[PDB]
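For reference, the structure discussed in these notes is given below.
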Amino acid sequence: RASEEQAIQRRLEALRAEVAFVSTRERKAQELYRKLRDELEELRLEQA
Amino acid sequence: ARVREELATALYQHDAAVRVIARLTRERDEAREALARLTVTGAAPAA
Amino acid sequence: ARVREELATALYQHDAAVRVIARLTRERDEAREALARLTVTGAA
Amino acid sequence: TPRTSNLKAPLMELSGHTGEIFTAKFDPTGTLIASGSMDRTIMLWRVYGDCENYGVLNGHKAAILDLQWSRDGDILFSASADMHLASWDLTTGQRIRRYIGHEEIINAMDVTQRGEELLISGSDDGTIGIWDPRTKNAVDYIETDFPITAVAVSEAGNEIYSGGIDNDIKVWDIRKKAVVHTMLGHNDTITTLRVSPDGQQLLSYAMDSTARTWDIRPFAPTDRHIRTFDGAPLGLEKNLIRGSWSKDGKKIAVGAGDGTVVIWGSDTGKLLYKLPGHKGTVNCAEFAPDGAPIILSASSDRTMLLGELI
Amino acid sequence: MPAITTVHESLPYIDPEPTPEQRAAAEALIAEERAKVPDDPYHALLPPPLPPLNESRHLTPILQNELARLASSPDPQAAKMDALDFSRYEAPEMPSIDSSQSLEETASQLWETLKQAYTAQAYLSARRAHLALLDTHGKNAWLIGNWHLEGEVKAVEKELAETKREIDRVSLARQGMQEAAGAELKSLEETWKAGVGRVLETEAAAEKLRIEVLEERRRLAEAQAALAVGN
């Protein structure tokens, strides 16, 4: 039980770190998609 | 004497399992880092 | 009695390590399969 | 697990309004409470400690139907059915100014929490007014053909979440003054649109007693509708029910017409709570923005119930 | 007491039970690891060795000789020591004195038989006295012994019940903590998988949008080059 408590704490910390990294990657990807949409809108406005 | 021999065998098995678990943890961490850092390149058509 | 207590603790630790190794192997196999499928697919 | 928070009681009943409460909002540090009610009054309370009514704000000539706080929590923002907006000072308890330019009853408004300060008022003449909180004149206003009962500002600060009696959420852009796209799917009149704290989900309760969560993210399929939670029937009155999100974006709390505030889990759609305690309809159900389990339910029993979620 | 400080990432109250095929694969992996890493007889995890018969201070030389005799027997569990002279306590029969026997030898044989008979009579009298005392106090002795044995058995059962209750309390606490941690970890893992999928889809869409923007920029550059050539 003591070993399981320590392992649960360590695994929770690792899962939190991995989820934070994945969330940061998702936010960066969404920002890149917004920048690409803005660039596409600017190119459509410049062509028109 | 039999219990001491079994305890020594279990200690050797536990050390071997600890080494194998460390190797598997390193492999799983490398695979997870590869999956997380995977970026989709430009999928150009086969011309 | 000390040897029996140590042996029981070692058996419990070995069972826990076996479960941890099985979970790690399953996770590694799943990650490898996901990477292989991502390399094979290319386009979502 | 009796009580895990900083309130001096697991429940507190804030009373003192002589008329129906329509909205109640928290200071963005989770410390001050403002409730506007149909007796034309904004009552200002503390939430931590003995919880005294430290302030009353008078100066609206008709029913008050919204209020938001400033960035710091020093200037209050009241919309009222006297066709007016107003910005109020809490250092002196006086009024800074009134914003004029609507012709019919104002139902919604929104302040941009970060970005640049704009007040966004939906009004029953069919207008969405964008105001700067330093000049009484309207910076701009967008014309629709239906009354607006719901309004939210985007995370990027240029998209407007209108909801009318035409049964569909409309996302407009401020610069082109035209609708970007409409998430349709509701059957009855929209009441609240509150963006998720992280910024990828939108809560929307309408008169059909169903609360739906939609997408906000730029990459989304044709149907952005995530989920249709049910379990909060609407009562006899056609009030504008105001739901909210938790701090972690996991719990959805919406008042209902039976006096019960209903909380679902936003992840899966499981009814977490169905908290009773009110006689008439519950108008404004809000979470603590700090992340504590504090919930507030202001209802047209002339009352507010400040409770815990253990 | 246990001395193992190794930590394994296992939550058996929250994690799924391994399959028999999975258990066999884990056993094969552990066997391969034990084949790769040789066993260390001087490991700190192994306990101290048992001292020998000569090394033991409590073992007497008579005890060592008896232990060696028991070990030399093919069935030490069935090995039994030599019985005492039960014929000396048996009934002494009448000795048959032949006519060729000497008077001194016959007298010595009669004296030995008389001594054996006297010892047997003394043993019989002692046994009769013991039987009389047993008939006098058997109920009291049996009741006292049964009461003491029942009290000892009740004390042992109470200690075992207390140990079982403490073990059950520890198991319940571990199960609750593992349930909470497993729920949180499952939620986090589902969120991570969904975020990975969403990030991959957004990356693919961003690549498509970048391809479209590159095509538009190439068209604009071609138009600018044509305008410069025509001017």
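Ordering of the structure tokens sets the chain letters (A, B, ...); residue numbers start at 1 within each chain; ligands are numbered from 1 in the order shown.
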
Do a neighbour search on segment 126-133 of chain D at 6 Å with only C-alpha atoms, toss out local chain neighbours closer than 2 positions, and write the hits as an mmCIF file with C-alpha atoms, in the first residue's frame.
data_model
loop_
_atom_site.group_PDB
_atom_site.id
_atom_site.type_symbol
_atom_site.label_atom_id
_atom_site.label_comp_id
_atom_site.auth_asym_id
_atom_site.auth_seq_id
_atom_site.Cartn_x
_atom_site.Cartn_y
_atom_site.Cartn_z
ATOM 1 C CA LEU D 118 -15.552 47.145 -24.969
ATOM 2 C CA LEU D 119 -19.137 46.905 -23.715
ATOM 3 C CA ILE D 120 -21.411 44.774 -25.894
ATOM 4 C CA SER D 121 -25.142 45.334 -25.487
ATOM 5 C CA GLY D 122 -27.865 43.292 -27.142
ATOM 6 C CA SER D 123 -31.127 45.188 -27.276
ATOM 7 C CA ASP D 124 -34.675 44.330 -28.301
ATOM 8 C CA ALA D 138 -21.741 54.320 -29.148
ATOM 9 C CA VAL D 139 -18.532 53.421 -30.948
ATOM 10 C CA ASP D 140 -20.558 51.206 -33.274
ATOM 11 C CA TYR D 141 -23.730 49.166 -33.491
ATOM 12 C CA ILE D 142 -24.683 46.159 -35.615
ATOM 13 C CA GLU D 143 -28.209 45.917 -37.012
ATOM 14 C CA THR D 144 -30.244 42.721 -36.950
ATOM 15 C CA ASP D 145 -33.916 42.061 -37.705
ATOM 16 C CA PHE D 146 -34.752 40.276 -34.433
ATOM 17 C CA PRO D 147 -34.392 41.038 -30.715
#

Within 9 Å of chain A, which residues of chain B come that close, and what is the closest atom pair and distance in Å for each? Count only C-alpha atoms and give it as a tab-separated table.
residue	atom	partner	partner_atom	distance
B:32	CA	A:18	CA	8.9
B:36	CA	A:22	CA	6.9
B:37	CA	A:25	CA	8.7

What does the file look like for those residues with C-alpha atoms, as a compact mmCIF listing (two decimals), in the first residue's frame?
# COMPACT_ATOMS: atom_id res chain seq x y z
CA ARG B 32 5.62 8.84 -25.88
CA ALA B 36 4.09 13.92 -28.73
CA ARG B 37 6.80 15.59 -30.83

Point-to-point distance from atom CA of residue 186 of chain E to atom CA of residue 199 of chain D, Å rounded to tenths: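 Straight-line distance from atom CA of residue 186 of chain E to atom CA of residue 199 of chain D works out to 23.3 Å.
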
Which residues in segment 13-125 of chain D does DSSP call strand (DSSP E)? List them as a PyMOL selection string. chain D and resi 13-15+21-26+32-37+41-46+53-57+64-68+75-80+84-89+95-99+106-108+119-123

Between atom CA of residue 40 of chain E and atom CA of residue 16 of chain B, what distance in Å does the model show, to one decimal?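 Between these atoms lies a distance of 10.9 Å.
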
Interface residues on chain E facing chain D, 9 Å, only C-alpha atoms, written as a PyMOL selection string: chain E and resi 201-202+205

Quick one: residues within 8 Å of residue 28 of chain C, only C-alpha atoms counted, chain neighbours fewer than 4 positions away excluded, as a list in words?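 The filter keeps residues 24, 27, 28 and 31 of chain B; 24 and 32 of chain C.
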
Counting only C-alpha atoms, what is within 9 Å of residue 250 of chain D, bar same-chain residues fewer than 3 positions away, as a PyMOL selection string? chain D and resi 245-247+264-267

Work out how far apart atom CA of residue 281 of chain D and atom CA of residue 65 of chain D are and give it in Å to one decimal. 15.1 Å

Set out as CSV a contact list for chain E and chain B with a cut-off of 6 Å, giving each residue of chain E that qualifies its closest atom pair and distance in Å to one decimal, counting only C-alpha atoms, ordered by chain and rising residue number.
residue,atom,partner,partner_atom,distance
E:30,CA,B:17,CA,5.4
E:33,CA,B:16,CA,5.1
E:34,CA,B:16,CA,5.1
E:39,CA,B:12,CA,5.4
E:46,CA,B:8,CA,5.0

Listing only residues of chain A within 12 Å of chain D, what is the closest atom pair and its distance in Å (to one decimal) for each, using only C-alpha atoms, sorted by chain and residue number ascending, as CSV?
residue,atom,partner,partner_atom,distance
A:23,CA,D:198,CA,10.6
A:24,CA,D:198,CA,11.8
A:26,CA,D:217,CA,10.9
A:27,CA,D:198,CA,10.0
A:29,CA,D:219,CA,10.0
A:30,CA,D:218,CA,7.4
A:31,CA,D:218,CA,9.3
A:32,CA,D:218,CA,10.5
A:33,CA,D:218,CA,7.4
A:34,CA,D:218,CA,6.9
A:35,CA,D:218,CA,10.6
A:36,CA,D:218,CA,10.7
A:37,CA,D:218,CA,8.7
A:38,CA,D:218,CA,11.1

Output C-alpha atoms for every residue in that selection, as a PDB file, in the first residue's frame.
ATOM      1  CA  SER A  23      -2.340  21.007 -24.237  1.00  0.00           C
ATOM      2  CA  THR A  24       0.481  23.438 -25.049  1.00  0.00           C
ATOM      3  CA  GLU A  26      -2.735  21.889 -29.107  1.00  0.00           C
ATOM      4  CA  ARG A  27      -2.797  25.607 -28.268  1.00  0.00           C
ATOM      5  CA  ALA A  29      -1.488  24.263 -33.344  1.00  0.00           C
ATOM      6  CA  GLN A  30      -4.707  26.261 -32.933  1.00  0.00           C
ATOM      7  CA  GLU A  31      -2.736  29.521 -32.998  1.00  0.00           C
ATOM      8  CA  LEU A  32      -0.957  28.352 -36.161  1.00  0.00           C
ATOM      9  CA  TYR A  33      -4.325  27.502 -37.732  1.00  0.00           C
ATOM     10  CA  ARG A  34      -5.608  30.972 -36.822  1.00  0.00           C
ATOM     11  CA  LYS A  35      -2.503  32.557 -38.365  1.00  0.00           C
ATOM     12  CA  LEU A  36      -2.947  30.462 -41.521  1.00  0.00           C
ATOM     13  CA  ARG A  37      -6.620  31.463 -41.749  1.00  0.00           C
ATOM     14  CA  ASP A  38      -5.663  35.127 -41.310  1.00  0.00           C
TER      15      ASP A  38
END

Compile the contact shell of residue 18 of chain C as a PyMOL selection string: residues with an atom at most 12 Å away, counting only C-alpha atoms, same-chain residues fewer than 2 positions apart removed. (chain B and resi 13-14+16-21+24) or (chain C and resi 10-16+20-25) or (chain E and resi 7-12+17-20+22-31)
